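Chains as they are written, first to last, in the deposited numbering: chain A, 67 to 109, 121 to 482; chain B, 69 to 110, 121 to 482.
Heads up, the beta-carbon is just placed ideally off N, CA and C, and yes, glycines get one too.
These notes concern the structure reproduced below.
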Amino acid sequence: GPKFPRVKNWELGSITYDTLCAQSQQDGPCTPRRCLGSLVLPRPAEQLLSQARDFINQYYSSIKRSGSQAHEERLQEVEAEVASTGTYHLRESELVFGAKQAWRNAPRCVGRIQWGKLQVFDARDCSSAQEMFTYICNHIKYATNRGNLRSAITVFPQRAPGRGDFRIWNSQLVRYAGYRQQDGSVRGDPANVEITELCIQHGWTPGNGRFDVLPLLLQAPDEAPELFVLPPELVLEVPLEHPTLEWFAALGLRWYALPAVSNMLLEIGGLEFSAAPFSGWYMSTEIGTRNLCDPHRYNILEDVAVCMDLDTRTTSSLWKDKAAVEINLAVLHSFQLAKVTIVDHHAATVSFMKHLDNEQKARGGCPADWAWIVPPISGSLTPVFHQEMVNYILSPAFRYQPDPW
Amino acid sequence: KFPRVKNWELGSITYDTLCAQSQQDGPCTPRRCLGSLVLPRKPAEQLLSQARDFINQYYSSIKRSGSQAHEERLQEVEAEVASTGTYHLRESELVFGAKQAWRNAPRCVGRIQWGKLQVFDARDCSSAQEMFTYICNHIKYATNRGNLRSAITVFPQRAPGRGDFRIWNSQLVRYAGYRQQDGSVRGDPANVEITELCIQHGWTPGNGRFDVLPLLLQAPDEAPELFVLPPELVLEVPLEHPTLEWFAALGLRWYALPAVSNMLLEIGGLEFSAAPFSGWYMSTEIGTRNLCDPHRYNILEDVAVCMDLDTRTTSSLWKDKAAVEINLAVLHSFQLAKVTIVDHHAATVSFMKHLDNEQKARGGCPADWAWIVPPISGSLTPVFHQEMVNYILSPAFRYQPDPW
Ligand code: HEM
Ligand code: HEM
Ligand SMILES: Cc1cc(N)nc(CCc2cncc([C@H](CN)Cc3cc(C)cc(N)n3)c2)c1
Ligand SMILES: Cc1cc(N)nc(CCc2cncc([C@H](CN)Cc3cc(C)cc(N)n3)c2)c1
Ligand SMILES: C[C@H](O)[C@H](O)[C@H]1CNc2nc(N)[nH]c(=O)c2N1
Ligand SMILES: C[C@H](O)[C@H](O)[C@H]1CNc2nc(N)[nH]c(=O)c2N1
Ligand SMILES: [Zn+2]
């Protein structure tokens, strides 16, 4: 066949070839000798100018003016700006396009069918930590929209030569505190023990619940971060109940509505936006399987299995599997009752298959990371399991960045 | 460079140095990762060096690396390749090699058992009839009345001047799939092609959902011949549920013995095109894949209705609930009939232990994450949380093209 990777769907027997991977200008971690696709973390001047040119060409294609006079004029304006200042600046519509494309490009995101619908708040005028806070409250307010969630991103000023970064220290806008106890265990979310402890060193008076919303630690250029408490009325939470296990509500479990990543770098045309929090809505297995049942997270599987009267002393009862189903169901059910947008792992993966087909036609492929795309329960019950995927990095992109401290 | 391999549940890190022993490229490049692909897209000096390298692996395993015997063995090998273009393995080397192929298999979650493998040397086989007798003794041995024992039977190697010994079936025990005029399949839609081949070679077909197939066995450069397994050799387990008593009414069943029969065994550059091997099942293979895959027996809907679940919306998690009950039925029924099986939690725990043994023994363990992590309750098992490095070491089991 073609000299492009052949991709097969083993449920349907259908074949495609990914031609888009040819556009990748950045190597991932694999080599002919070994595959490293399961690793979580893979570890300017004329360099900028070629990233910028490439990006401006993408922009002009997306509005179909490629080769036009407005296109060659924009390229010239960008070289000139880099020429004299070493950096350059995006037009507003370039930023909107770049941010949507970074989402569209993200191999780990199963929600990409929605990529074209993304409210881009331009916060490139922001000049203080206080002002980042206001922009973030606004974002949370718009995005949350009383339960009818809307995707969004807010972009703060880009990295600039010499000057310090804008950084949000929290990994998400909304996270629960984790408090290291004297018996070595953790109350709350163990994932957040470090950020929690940083909040405290920085003047936060800590709570002591399992579900305490963390304040934000916001760093403007060349300043220590400042601490901001989110007004509780802005942070929508959903108390968890089960549709028929009546005791489940008695567990006092809850989760917040808005998944908002706050510590990733949005890179567009070689410009680096170090603070650019984005949010969507949840797929239910993020909450009910990973956050509530990971052994190194809330770890509630046993407690639930015991309430369900399961045989927890033997693996072959499938007690873990049965409890996790019920916690997942409780998540879906409680979000539905509260009218807060959520999608189950069946409907999300069916939509992601549709995304693959849309992108096969529009661009000749879709970068996707199978291990992250297949949900953490019921994998082979979803269509994505049976679907081969090609993973590669395209730009614009969201990239992990090291913690600021 | 050596990859750092992190476990995200426990925070522990290793470094894989075994991968430097890989002599053999996989599908991935720095521009794109292809590790979710099921199949690979794709002279005497070269045989001789895979030969010496394998002979070195063997003497080193028995702690005699430098002995008379080692050096005299390397010379035999050299003397035979120089003269004939090929060579032969000693029975002890074949045994070492087969065990090592299994150890090295990145898709196998049962490798904690790698040292316990009964190897039948069938390289003195000259006819499809003889292949059949060897296969029957393998099934009898491996089945052992439900107390299953891992086994491999090794038929004669490929030779330059001639066709391969092959078993056309993909497993020694498979259920027929009969296509109907109106597109539907009766039985296992994975086995329609092999079913029709058996019929075209003179098999009188059954018409059930669970008809055990005959073997099409091929000696070199002859048409394959058909052999019906005696039903008493093929142990089967009726499926029932410990609490839902209508589940038995579904009339479901599965065979005890997973025995792969279409893969090529490569040892020291020699290739054994027929070398069927078996162990015992992990319950998710039957309960989740074979019974619930939409392109397999696809019974999820039926089960969900018998459970009275709401089928018209994904968000009732009716599929998840039914799959769990089916998996539980398999484990319960294998346990009841006293036939070895292992659940996905116990199996993945044993694999973690295997990773650790191999880290000490060899500096690494090649593993294919997408195949190791089970197809339900992924993150509920420890292997979800374990980074894994995938690469090809030899001795190896390899995929090969269907012979027809
Ligand atoms: C609209 C609803 C959305 C859904 C249901 C969704 C779903 C998901 C899920 C399930 C993951 C994997 C999460 C994990 O295991 O940690 C994820 C990852 C991600 N998604 Fe989305 N997504 C949505 C919107 C967004 C938006 C609006 C953006 C960016 C504009 C985005 C970018 C990402 C990125 C960058 C990752 C990777 C995160 C990382 O590596 O830590 N997605 N998505
Ligand atoms: C003793 C119990 C054993 C268990 C529980 C077991 C478990 C498994 C499982 C679950 C798979 C994935 C199968 C699939 O999804 O189709 C597998 C693959 C495999 N195992 Fe095992 N294994 C066992 C013994 C063996 C033995 C004895 C050999 C060889 C001597 C072997 C070689 C393989 C190979 C080559 C594969 C890859 C097969 C393929 O590509 O289709 N395993 N193992
Ligand atoms: C916009 C959006 C929507 C949605 N439904 N889910 C999300 C999930 C975001 C998220 C939440 N909790 C943890 C993660 C990741 C791990 N699963 C965080 C992470 C950690 C590390 C070490 C690397 C990495 N790339 N990402 C990501 C984002
Ligand atoms: C020795 C052993 C033990 C055990 N528990 N399970 C097995 C399962 C073997 C098996 C059964 N049925 C299908 C398969 C594979 C796909 N899941 C067959 C296969 C197909 C293809 C196209 C490629 C490939 N590498 N392998 C493998 C073997
Ligand atoms: C080791 C492994 O890569 C890691 O546990 C991955 C597996 N798949 C995942 N998939 C998603 N969506 N999110 C994750 O955090 C992970 N974790
Ligand atoms: C496309 C994907 O690689 C394919 O569905 C794989 C996924 N993981 C698997 N895992 C095992 N153990 N067996 C399988 O057949 C598969 N199939
Ligand atoms: Zn790879």
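Would you report the Cα separation of residue 130 (chain B) and residue 151 (chain B), rounded to the nearest angstrom?
-> By 1-based counting over the second sequence, the position of residue 130 (chain B) is 52. By 1-based counting over the second sequence, the position of residue 151 (chain B) is 73. Answer to the nearest angstrom: the Cα atoms are 9 Å apart.
Residue environment, residue 383 (chain B), which counts as buried when at least 16 other CB atoms sit within 10 Å | Taking the second sequence and counting its residues from 1, the one referred to as residue 383 (chain B) is at position 305. Its Cβ having fewer than 16 others within 10 Å, residue 383 (chain B) is exposed.
Leaving out five residues on either side along the sequence, give the residues of the same chain with a beta carbon under 7 Å from the beta carbon of residue 453 (chain B).
-> For the purposes of this step, residue 453 (chain B) is identified with residue 375 of the second sequence, where counting begins at 1. Excluding residues within five positions, the ones whose Cβ falls inside 7 Å are 362, 366, 367.
Please work out which residues of its chain come closer than 6 Å, Cβ to Cβ, to residue 236 (chain B), disregarding the five sequence neighbours upstream and downstream, and give them in chain order.
-> As a working mapping, residue 236 (chain B) is identified with position 158 in the second sequence. Result list for residue 236 (chain B): 242, 349, 351, in chain order.
Spatial neighbours of residue 313 (chain A) in its chain, beta-carbon cut-off 8 Å, leaving aside the 5 residues before and after = Locating residue 313 (chain A) in the first sequence gives position 236, where the first residue counts as 1. The beta carbon of residue 313 (chain A) sits closer than 8 Å to the beta carbons of 221, 223, 224, 333, 334, 335, 417 from its chain, once the five residues preceding and following it are set aside; these are given in chain order.
Test: residue 466 (chain A) CB closer than 8 Å to a CB of chain B = Position 389 of the first sequence, counting from 1, holds the residue named residue 466 (chain A). So yes, residue 466 (chain A) belongs to the interface.
Using a threshold of 8 Å, state whether the C-beta atoms of residue 270 (chain B) and residue 284 (chain B) are closer than that.
-> Translated into positions along the second sequence, residue 270 (chain B) becomes position 192. Translated into positions along the second sequence, residue 284 (chain B) becomes position 206. No, the pair does not count as a contact, with Cβ atoms beyond the cut-off.
CB of residue 189 (chain A) within 8 Å of CB of residue 181 (chain A), strictly = Taking the first residue of the first sequence as position 1, residue 189 (chain A) is located at position 112. Taking the first residue of the first sequence as position 1, residue 181 (chain A) is located at position 104. Yes, the Cβ-Cβ distance between residue 189 (chain A) and residue 181 (chain A) is below 8 Å.
Once you ignore the five residues that flank residue 126 (chain B) on each side, which residues in its own chain have a CB closer than 6 Å to its CB?
-> Within the second sequence, numbered from 1, the residue matching residue 126 (chain B) stands at position 48. Excluding positions up to five away in sequence, the list reads 159.
So, does the CB of residue 269 (chain B) fall closer than 8 Å to a CB anywhere in chain A?
-> By one-based count along the second sequence, residue 269 (chain B) stands at place 191. So, not an interface residue.
Should residue 104 (chain A) be listed as close to ligand 5, given that the test is whether its C-beta is under 7 Å from any heavy atom?
-> Position 38 of the first sequence, counted from the start, is the residue given in the question as residue 104 (chain A). Result yes, Cβ under 7 Å from ligand 5.
Determine the direct distance from the alpha carbon of residue 200 (chain B) to that of residue 229 (chain B), and round the result to whole angstroms.
-> Along the second sequence, one-based indexing puts residue 229 (chain B) at 151. Along the second sequence, one-based indexing puts residue 200 (chain B) at 122. When rounded, the distance between both Cα atoms is 13 Å.
Inter-residue CB distance, residue 95 (chain A) and residue 102 (chain A) (contact presumed, cutoff 8 Å) | Along the first sequence, one-based indexing puts residue 95 (chain A) at 29. Along the first sequence, one-based indexing puts residue 102 (chain A) at 36. Taking a contact as a CB-CB distance under 8 Å, the pair residue 95 (chain A) and residue 102 (chain A) counts as one, their CB atoms being some 4 Å apart.
Quick one, are the C-beta atoms of residue 164 (chain A) and residue 238 (chain A) less than 8 Å apart?
-> Here residue 164 (chain A) refers to the residue found at position 87 when the first sequence is read from its first residue. Here residue 238 (chain A) refers to the residue found at position 161 when the first sequence is read from its first residue. A contact, by the Cβ cut-off of 8 Å.
Taking residue 428 (chain B) as the reference, which of B:459, B:128, B:148 has the closest Cα?
-> The residue labelled residue 428 (chain B) in the question sits at position 350 within the second sequence. When each option's Cα is compared against that of residue 428 (chain B), the closest is B:459.
Answer yes or no: does any C-beta atom of chain B fall closer than 8 Å to that of residue 455 (chain A)?
-> Within the first sequence, numbered from 1, the residue matching residue 455 (chain A) stands at position 378. Yes, contact with chain B.
Please list the segments of the beta strand (DSSP E) lying wholly inside the stretch 139-202 of chain A, counting only runs of 3 or more residues, in order along the chain.
-> 196-199, all fully within the stretch 139-202 of chain A.
Give a yes or no on whether 8 Å exceeds the smallest Cβ distance from residue 462 (chain B) to chain A.
-> Translated into the one-based positions of the second sequence, residue 462 (chain B) becomes position 384. For residue 462 (chain B), the nearest CB of chain A lies under 8 Å from its own CB, placing it at the interface with that chain.
At least one CB of chain A closer than 8 Å to the CB of residue 326 (chain B): is that the case?
-> Translated into the one-based positions of the second sequence, residue 326 (chain B) becomes position 248. Contact with chain A is absent for residue 326 (chain B), since none of that chain's Cβ atoms lies less than 8 Å from the residue's Cβ.
Going along the chain, which residues of its own chain have a beta-carbon closer than 8 Å to the beta-carbon of residue 326 (chain A), five neighbours each way excluded?
-> Position 249 of the first sequence, counted from the start, is the residue given in the question as residue 326 (chain A). Cβ neighbours of residue 326 (chain A) beyond the five flanking positions: 316, 317, 318, 319.
For residue 307 (chain A), which of helix, strand or coil comes out of DSSP?
-> Residue mapping note: residue 307 (chain A) aligns to position 230 of the first sequence, counting from 1. In the displayed model, residue 307 (chain A) falls within coil according to three-state DSSP, outside both helix and strand.
Based on the DSSP output, what are the partners of residue 101 (chain A) in its beta bridges?
-> As a position in the first sequence, residue 101 (chain A) is number 35, starting the count at 1. Assignment of beta-bridge partners to residue 101 (chain A) by DSSP yields B:468.
Residue 355 (chain A) Cβ short of 7 Å to ligand 1 heavy atom set | Position 278 of the first sequence, counted from the start, is the residue given in the question as residue 355 (chain A). At least one heavy atom of ligand 1 is nearer than 7 Å to the Cβ of residue 355 (chain A), so yes.
Quick one: list the residues of chain A neighbouring residue 331 (chain B), beta-carbon separation under 9 Å, in chain order.
-> Against the second sequence, residue 331 (chain B) aligns to sequence position 253. The premise fails here: residue 331 (chain B) is roughly 20 Å from chain A at the closest Cβ pair, so nothing lies under 9 Å.
Which of the three DSSP states, helix, strand or coil, is assigned to residue 122 (chain B)?
-> Translated into positions along the second sequence, residue 122 (chain B) becomes position 44. Residue state for residue 122 (chain B) is assigned as helix, using DSSP reduced to three classes.
As assigned by DSSP and simplified to three states, the class of residue 318 (chain B) = By one-based count along the second sequence, residue 318 (chain B) stands at place 240. Coil at residue 318 (chain B), not helix or strand.
Whole runs of the beta strand (DSSP E) within the stretch 230-280 of chain B, excluding any shorter than 3 residues | Counting only runs of 3 or more, we get 255-257, 263-265.
Specify, as a first and last residue, the run of the beta strand (DSSP E) that residue 112 (chain B) falls within.
-> Residue numbering in chain B jumps from 110 to 121; residue 112 (chain B), which lies between, is not modelled.
What are the boundary residues of the beta strand (DSSP E) that residue 72 (chain B) is part of?
-> Here residue 72 (chain B) refers to the residue found at position 4 of the second sequence. Annotation for residue 72 (chain B): the continuous beta strand (DSSP E) segment containing it runs 72-74.
Residue 247 (chain B) classed as buried or exposed, judged by whether at least 16 other C-beta atoms fall within 10 angstroms | Numbered from 1 along the second sequence, position 169 holds the residue referred to as residue 247 (chain B). Under this definition residue 247 (chain B) is a buried residue.
Counting along the chain, where does the alpha helix (DSSP H) carrying residue 440 (chain A) start and finish?
-> Numbered from 1 along the first sequence, position 363 holds the residue referred to as residue 440 (chain A). Residue 440 (chain A) -> alpha helix (DSSP H) spans 422-440.
Span of the alpha helix (DSSP H) around residue 19 (chain A) | Not covered by the structure: residue 19 (chain A). The range shown for chain A is 67 to 482.
If you measure beta-carbon to beta-carbon, which residues of the stretch 383-399 of chain A are closer than 8 Å to chain B?
-> Cβ contacts with chain B come from 392, 393, 394, 395, 397, 398, 399.
Starting from residue 293 (chain B), follow the beta strand (DSSP E) in both directions and report where the run begins and ends.
-> Working through the second sequence from its first residue, we reach residue 293 (chain B) at position 215. 293-296 is the span of the beta strand (DSSP E), which, as asked, contains residue 293 (chain B).
Does residue 317 (chain A) have its Cβ less than 8 Å from a Cβ in chain B?
-> Counting from 1 along the first sequence, the entry for residue 317 (chain A) is found at position 240. It does not: the Cβ of residue 317 (chain A) has no partner Cβ on chain B nearer than 8 Å.
So, using beta-carbon positions, are residue 393 (chain B) and residue 409 (chain A) closer together than 8 Å?
-> Here residue 393 (chain B) corresponds to residue number 315 of the second sequence, with the count starting at 1. Here residue 409 (chain A) corresponds to residue number 332 of the first sequence, with the count starting at 1. Their beta carbons are under 8 Å apart, which means residue 393 (chain B) touches residue 409 (chain A) by this criterion.
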